[PDB]
Q: 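Sharing a structure with you now.
Side chains included, hydrogens not; waters and symmetry mates left out as well; all remaining heavy atoms used. Numbers for residues simply follow the sequence, beginning at 1.
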Amino acid sequence: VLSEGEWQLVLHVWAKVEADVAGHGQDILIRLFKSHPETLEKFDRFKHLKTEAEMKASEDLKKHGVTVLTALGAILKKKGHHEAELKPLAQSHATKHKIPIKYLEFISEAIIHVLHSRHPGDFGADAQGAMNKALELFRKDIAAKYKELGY
Ligand code: HEM
């Protein structure tokens, strides 16, 4: 489990993200889609986007970026007790969206990359390690529910 100190590092940089949820959301999804094209195919709404420029110009994509980061933010603030927030997400992503745990690892990588680019001063090695731990916890817990459902 994460220590109190680790959670503080996570929430300190996350407070910076919430200052511009929409901007971060775009960068993260675009990074995810460009680095792992198979993830873009999971979105009927975004399949038509064939270039980074098209992705950046999509208001709909920007809208989803906010939805994603807002859900993640709520989870992170619950620290070591995010059971309630995780249940709905795990269910929909396992049964409706069909998102393998591997894709969650991909988006975790996208999140860390963007945080480094936008907040280097509050995202040094210690903070980076802490965020990695928090995102690993997120994945592990979702994985547990996936195994439960048999996905
Ligand atoms: C940080 C990790 C993620 C969070 C917090 C997150 C959160 C959400 C939320 C809140 C919704 C809308 C409500 C719902 O359907 O449950 C959603 C929808 C969706 N997510 Fe995620 N998601 C994450 C990662 C992913 C990944 C990695 C993929 C695909 C590779 C994905 C694919 C989808 C799809 C396809 C939908 C449905 C979109 C629609 O029909 O409009 N999500 N996600």
Q: Quick one: closest heavy-atom pair of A134 and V10, and the distance?
A: CB-CG2, 3.9 Å
Q: Heavy-atom distance under 4.5 Å between the side chains of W7 and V1, does that happen here?
A: no
Q: Could you tell me which residues satisfy side chain to side chain donor-acceptor pair (under 3.5 Å) with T39, sequence neighbours excluded, listed by chain and number?
A: none
Q: Mind jotting down which residue pairs meet the salt bridge (charged side-chain N to carboxylate O under 4.0 Å, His left out) criterion with at least one end in residues 43-54? Sequence neighbours excluded, please.
A: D44-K47, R45-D60, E52-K56
Q: Distance-only, no hydrogens or angles: does the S58 side chain make a donor-acceptor pair with backbone N or O of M55 under 3.5 Å?
A: no
Q: Would you mind reporting whether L72 and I111 have side-chain heavy atoms less than 4.5 Å apart?
A: yes
Q: Apply side chain to side chain donor-acceptor pair (under 3.5 Å) to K79 and list each qualifying residue two or more places apart in sequence or on a separate chain.
A: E4
Q: Pairs in or reaching into residues 127-151: which pass ring-ring contact (aromatic ring centres under 6.0 Å, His included), with residues at least two apart or in two chains?
A: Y146-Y151
Q: Looking at side-chain heavy atoms only, is the closest gap between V68 and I28 below 4.5 Å?
A: no
Q: Linking I/L/V/M/F/W/Y whenever any side-chain heavy atoms sit under 4.5 Å apart, do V66 and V17 land together?
A: yes
Q: If hydrophobic clusters are built by linking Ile, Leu, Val, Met, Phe, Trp and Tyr wherever their side-chain heavy atoms come under 4.5 Å apart, do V13 and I75 end up in the same one?
A: yes
Q: Report the residues that fulfil salt bridge (charged side-chain N to carboxylate O under 4.0 Å, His left out) with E59, sequence neighbours left out, ordered by chain and then residue number.
A: none
Q: What residue pairs, at least two apart or across chains, pass side-chain hydrogen bond (donor to acceptor under 3.5 Å, both in side chains) with a residue in residues 97-106?
A: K102-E105
Q: Salt bridge (charged side-chain N to carboxylate O under 4.0 Å, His left out) with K147: which residues, sequence neighbours excluded?
A: none
Q: So, using salt bridge (charged side-chain N to carboxylate O under 4.0 Å, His left out) as the criterion, who are the partners of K63 when residues are at least two apart?
A: none
Q: Among residues two or more places apart or on two chains, list those pairs meeting ring-ring contact (aromatic ring centres under 6.0 Å, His included) that have a residue in residues 30-61.
A: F33-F43, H36-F106, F43-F46, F43-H64
Q: Mind checking the CG-CD1 spacing from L104 to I142? Nearest 0.5 Å is all I need.
A: 5.0 Å
Q: So, for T67 and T70, which heavy atoms are closest and what is the spacing to 0.1 Å?
A: O-OG1, 2.7 Å
Q: In residues 82-90, what donor-acceptor pairs under 3.5 Å come from side-chain atoms, sequence neighbours left out?
A:
unit_1 : atom_1 : unit_2 : atom_2 : d
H82    : NE2    : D141   : OD2    : 2.6

Q: Would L9 end up clustered with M131 when hydrophobic side chains under 4.5 Å apart are linked, directly or stepwise?
A: no
Q: For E18, which residues count as a salt bridge (charged side-chain N to carboxylate O under 4.0 Å, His left out) partner, sequence neighbours excluded?
A: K77
Q: Side-chain atoms of residues 112-130: list all donor-acceptor pairs with protein atoms under 3.5 Å, sequence neighbours left out, distances to 0.1 Å.
A:
unit_1 : atom_1 : unit_2 : atom_2 : d
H113   : NE2    : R31    : NH2    : 3.0
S117   : OG     : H113   : O      : 3.1
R118   : NE     : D27    : OD2    : 2.9
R118   : NH1    : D20    : OD2    : 3.2
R118   : NH2    : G23    : O      : 3.4
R118   : NH2    : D27    : OD2    : 3.0
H119   : NE2    : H24    : NE2    : 2.7
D122   : OD1    : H12    : NE2    : 2.8

Q: If you look at every heavy atom in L149 and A94, which pair is closest and at what distance?
A: CD1-CB, 4.2 Å
Q: If you round to the nearest 0.5 Å, how far is CD1 of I107 from CG of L29?
A: 5.5 Å
